[PDB]
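Only one structure is covered here, and it is reproduced in the block below.
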Amino acid sequence: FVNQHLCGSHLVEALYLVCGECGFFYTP
Amino acid sequence: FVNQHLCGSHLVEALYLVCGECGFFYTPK
Amino acid sequence: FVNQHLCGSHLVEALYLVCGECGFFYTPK
Amino acid sequence: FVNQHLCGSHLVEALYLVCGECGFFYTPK
Amino acid sequence: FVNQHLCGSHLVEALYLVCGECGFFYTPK
Amino acid sequence: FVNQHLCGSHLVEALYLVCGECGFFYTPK
Amino acid sequence: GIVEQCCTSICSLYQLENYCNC
Amino acid sequence: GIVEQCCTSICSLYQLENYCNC
Amino acid sequence: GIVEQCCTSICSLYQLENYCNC
Amino acid sequence: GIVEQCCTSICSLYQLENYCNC
Amino acid sequence: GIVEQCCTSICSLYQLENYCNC
Amino acid sequence: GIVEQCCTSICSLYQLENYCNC
Ligand SMILES: [Cl-]
Ligand SMILES: [Cl-]
Ligand SMILES: [Zn+2]
Ligand SMILES: [Zn+2]
């Protein structure tokens, strides 16, 4: 689903800013 | 120099695309 | 038609990454 | 050449908005 | 409300480009 | 300066996220 | 507000310019 | 997952922090 | 075109290469 | 300003929140 | 090209429009 | 890490794949 695909792109950017030096895991 | 904070933002967008359904861990340091 | 506009924004970034030095063409619907 | 790569990502997003219905070719060379 | 939240991100990206050194006022009310 | 320009694009997307319903004035000068 | 005006239909350049602080 | 949680409604700072790798 | 092909179902990297200008 | 503070070093979300219009 | 023109000094909207395919 | 490798030189798509969780 493309709508999910577009949402996920914004999610990973938010995780990048929120998590800082910790980094994050993105698991769809 | 390369602003590593800005570059990282693009890296995680690129991993999102390349890795597809695999996903990824992002470990800056 | 907001949907297609938002989709296109992401498509262009993806083509930028995938196509490398070949570049790409973007023609909206 | 990393900074040029990062810049080009932003350029194609700007072209997408600026060019509207016309679309555009992105030609890194 | 996610559709408006994702669209708003592209909005401020557009305002940033459109407004340049004038800056801009983002008020979602 | 393009480096400042690219940085500001990321700053406003970050402010969009952080500021939520308050929104923000982006005042580069 | 700007979300109501610009996320149901794509806003023109002129509409976006309303929000600049020139 | 994060998609069903955060693409159907807006996730707050606290909700997003759940996915950090501290 | 790419919008018809890629804005409802996700286009893979391989499919997106169809729209490169090589 | 925000460019001087946040483009030469990383500003956290908390530093960025000072620039909101609450 | 657009990279040489627009990646050290900021390109205006009018400068970017030259690269469109109208 | 990926920052040391891919923010000093451009990483290809294949090289970015190195960092996926496949
Ligand atoms: Cl979107
Ligand atoms: Cl950048
Ligand atoms: Zn989007
Ligand atoms: Zn950038």
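Order determines the names: the first chain of the structure tokens is A, the second B, and so forth; residues in each chain are numbered 1 upward, and ligands are numbered 1 upward as they are shown.
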TODO: Output the neighbourhood of ligand 4 as a PyMOL selection string, that is, all protein and nucleic acid residues with some atom at most 12 Å from the ligand, counting only C-alpha atoms and all ligand atoms.
DONE: (chain A and resi 13) or (chain B and resi 2-14) or (chain C and resi 13) or (chain D and resi 2-13) or (chain E and resi 13) or (chain F and resi 2-13) or (chain J and resi 7) or (chain K and resi 7)
Open item on the list: DSSP on the backbone: which residues in chain C end up as alpha helix (DSSP H)? Give the answer as a PyMOL selection string.
Closed with: chain C and resi 2-19
Over every C-alpha pair, in sequence order, do a least-squares fit of chain J onto chain L and save the fitted chain as a PDB file with N, CA and C atoms, in the first residue's frame.
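Generated output (part.pdb):
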```pdb
ATOM      1  N   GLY J   1      31.099   2.531  10.839  1.00  0.00           N
ATOM      2  CA  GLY J   1      29.659   2.461  10.682  1.00  0.00           C
ATOM      3  C   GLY J   1      29.190   3.137   9.412  1.00  0.00           C
ATOM      4  N   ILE J   2      27.871   3.242   9.254  1.00  0.00           N
ATOM      5  CA  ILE J   2      27.321   3.763   8.007  1.00  0.00           C
ATOM      6  C   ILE J   2      27.634   5.249   7.839  1.00  0.00           C
ATOM      7  N   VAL J   3      27.702   6.010   8.934  1.00  0.00           N
ATOM      8  CA  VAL J   3      28.024   7.429   8.813  1.00  0.00           C
ATOM      9  C   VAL J   3      29.460   7.617   8.341  1.00  0.00           C
ATOM     10  N   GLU J   4      30.395   6.855   8.908  1.00  0.00           N
ATOM     11  CA  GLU J   4      31.794   6.993   8.513  1.00  0.00           C
ATOM     12  C   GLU J   4      32.003   6.560   7.068  1.00  0.00           C
ATOM     13  N   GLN J   5      31.305   5.507   6.643  1.00  0.00           N
ATOM     14  CA  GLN J   5      31.469   4.980   5.294  1.00  0.00           C
ATOM     15  C   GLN J   5      30.762   5.839   4.250  1.00  0.00           C
ATOM     16  N   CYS J   6      29.589   6.384   4.578  1.00  0.00           N
ATOM     17  CA  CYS J   6      28.678   6.917   3.571  1.00  0.00           C
ATOM     18  C   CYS J   6      28.443   8.425   3.646  1.00  0.00           C
ATOM     19  N   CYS J   7      29.034   9.134   4.600  1.00  0.00           N
ATOM     20  CA  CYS J   7      28.884  10.582   4.607  1.00  0.00           C
ATOM     21  C   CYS J   7      30.141  11.309   4.150  1.00  0.00           C
ATOM     22  N   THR J   8      31.286  10.630   4.128  1.00  0.00           N
ATOM     23  CA  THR J   8      32.517  11.200   3.590  1.00  0.00           C
ATOM     24  C   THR J   8      32.728  10.846   2.127  1.00  0.00           C
ATOM     25  N   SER J   9      32.011   9.843   1.625  1.00  0.00           N
ATOM     26  CA  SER J   9      32.010   9.500   0.212  1.00  0.00           C
ATOM     27  C   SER J   9      30.658   8.888  -0.112  1.00  0.00           C
ATOM     28  N   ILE J  10      30.331   8.844  -1.403  1.00  0.00           N
ATOM     29  CA  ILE J  10      29.016   8.374  -1.820  1.00  0.00           C
ATOM     30  C   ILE J  10      28.945   6.860  -1.680  1.00  0.00           C
ATOM     31  N   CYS J  11      27.935   6.380  -0.959  1.00  0.00           N
ATOM     32  CA  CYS J  11      27.623   4.960  -0.925  1.00  0.00           C
ATOM     33  C   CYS J  11      26.560   4.651  -1.965  1.00  0.00           C
ATOM     34  N   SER J  12      26.830   3.654  -2.799  1.00  0.00           N
ATOM     35  CA  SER J  12      25.824   3.200  -3.741  1.00  0.00           C
ATOM     36  C   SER J  12      24.715   2.462  -3.001  1.00  0.00           C
ATOM     37  N   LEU J  13      23.613   2.213  -3.714  1.00  0.00           N
ATOM     38  CA  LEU J  13      22.545   1.420  -3.120  1.00  0.00           C
ATOM     39  C   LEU J  13      23.050   0.050  -2.700  1.00  0.00           C
ATOM     40  N   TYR J  14      24.020  -0.499  -3.432  1.00  0.00           N
ATOM     41  CA  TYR J  14      24.537  -1.820  -3.098  1.00  0.00           C
ATOM     42  C   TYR J  14      25.316  -1.790  -1.792  1.00  0.00           C
ATOM     43  N   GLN J  15      26.107  -0.739  -1.576  1.00  0.00           N
ATOM     44  CA  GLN J  15      26.783  -0.602  -0.291  1.00  0.00           C
ATOM     45  C   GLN J  15      25.779  -0.392   0.830  1.00  0.00           C
ATOM     46  N   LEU J  16      24.712   0.366   0.556  1.00  0.00           N
ATOM     47  CA  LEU J  16      23.695   0.624   1.568  1.00  0.00           C
ATOM     48  C   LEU J  16      22.949  -0.647   1.946  1.00  0.00           C
ATOM     49  N   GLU J  17      22.785  -1.572   0.996  1.00  0.00           N
ATOM     50  CA  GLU J  17      22.010  -2.781   1.251  1.00  0.00           C
ATOM     51  C   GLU J  17      22.643  -3.652   2.331  1.00  0.00           C
ATOM     52  N   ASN J  18      23.954  -3.516   2.553  1.00  0.00           N
ATOM     53  CA  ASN J  18      24.634  -4.237   3.621  1.00  0.00           C
ATOM     54  C   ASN J  18      24.077  -3.894   4.987  1.00  0.00           C
ATOM     55  N   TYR J  19      23.400  -2.759   5.108  1.00  0.00           N
ATOM     56  CA  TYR J  19      22.888  -2.267   6.375  1.00  0.00           C
ATOM     57  C   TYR J  19      21.422  -2.614   6.596  1.00  0.00           C
ATOM     58  N   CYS J  20      20.807  -3.364   5.685  1.00  0.00           N
ATOM     59  CA  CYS J  20      19.421  -3.768   5.844  1.00  0.00           C
ATOM     60  C   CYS J  20      19.319  -4.906   6.848  1.00  0.00           C
ATOM     61  N   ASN J  21      18.087  -5.177   7.288  1.00  0.00           N
ATOM     62  CA  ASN J  21      17.839  -6.251   8.244  1.00  0.00           C
ATOM     63  C   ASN J  21      17.139  -7.433   7.581  1.00  0.00           C
ATOM     64  N   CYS J  22      17.727  -7.981   6.523  1.00  0.00           N
ATOM     65  CA  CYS J  22      17.114  -9.115   5.842  1.00  0.00           C
ATOM     66  C   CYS J  22      17.403 -10.418   6.580  1.00  0.00           C
TER      67      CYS J  22
END
```
